[PDB]
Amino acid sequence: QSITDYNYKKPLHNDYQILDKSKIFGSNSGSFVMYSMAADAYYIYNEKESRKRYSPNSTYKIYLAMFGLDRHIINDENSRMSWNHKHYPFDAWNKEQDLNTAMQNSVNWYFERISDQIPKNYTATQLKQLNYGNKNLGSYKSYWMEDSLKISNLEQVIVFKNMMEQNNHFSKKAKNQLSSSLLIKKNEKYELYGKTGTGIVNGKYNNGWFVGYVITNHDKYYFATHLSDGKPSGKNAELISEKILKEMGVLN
């Protein structure tokens, strides 16, 4: 809504390293950001582009999950929600869900039902304390879907790292339940957690994301890929992320 709503301009006070991942991006346009806990350092491809703010789309379901956990809308014994019988074009949505199935299959209605229960002032207080992008709730509806709420690729990393790693008002059991819902891959070398996001405008992919973290035996890394052009899907942002993480030594 304002002059600072499309841009993150706050100086990075940390050590940073500029990357060149242009061959992995190919004909897609966007940015990649990673933070290493042990190094306390950022690694950024396309720094200017990493500070442009975009709708988070389904990546904001990380925060809706944390809010629903925090407000006891869902819990550890029961995160189940029945389907309202409305037919969706993907059968994974046309059934009962829990936090794990809804996160994995990005089931909008589950997180919409969570959001509808959450008072605007709580969200405002949370987005302020978390420093979540432009903090702009607009109409307070599906505000995170190609709407007023926007966040930069650089901020996706800072905000998620700070939420998970600081002793804040979110409980340890909530953070662990959210993590369990985000786990994608675990082997002898790493655990990989994350969440895709895709914005679709007039039939075309507009906006792709993959935001997450990696735990190895040595370090913990938070990362985010944003795609703004080319074939900017969540699936593509996930693939590009995996290729970059592997090149960097994060996945072994």
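In this text, residue numbers run from 1 along the sequence as written.
Colleague: Using only the Cα atoms and their B-factors as the entry lists them, report which of 20-28 and 234-242 averages higher.
Modeller: It is 20-28 that shows the higher mean C-alpha B-factor.
Colleague: For the C-alpha atoms alone, is the average B factor greater in 224-232 or in 8-16, going by the entry?
Modeller: Mean CA B-factor is higher for 8-16.
Colleague: Going by the CA temperature factor in the entry, name the top one among 180, 105, 78, 126.
Modeller: Among 180, 105, 78, 126, the highest C-alpha B-factor in the entry belongs to 78.
Colleague: According to the Cα B-factor stored in this entry, which of the following is highest: 186, 53, 48, 61?
Modeller: Going by the entry's C-alpha B-factors, 48 comes out highest.
Colleague: Classify residue 98 as lowest, middle or highest third according to the C-alpha B-factor given in the PDB entry, relative to its own chain.
Modeller: It belongs to the middle third of the chain when residues are ordered by C-alpha B-factor.
Colleague: Based on the deposited C-alpha B factors for this chain, I'd like to know if residue 151 is in the lowest, middle or highest third.
Modeller: Lowest third - that is where residue 151 ends up once the chain's C-alpha B-factors are sorted.
Colleague: What third of its chain, lowest, middle or highest, does the C-alpha temperature factor of residue 160 fall into?
Modeller: As the PDB entry reports it, the C-alpha B-factor of residue 160 lands in the lowest third of its chain.
Colleague: Lowest, middle or highest third: where is residue 44 by Cα B-factor in its chain?
Modeller: Answer is middle: the recorded C-alpha B-factor places it there.
Colleague: By the recorded C-alpha temperature factor, relative to the other modelled residues in its chain, which third is residue 199 in?
Modeller: Tercile = middle for this residue's CA B-factor.
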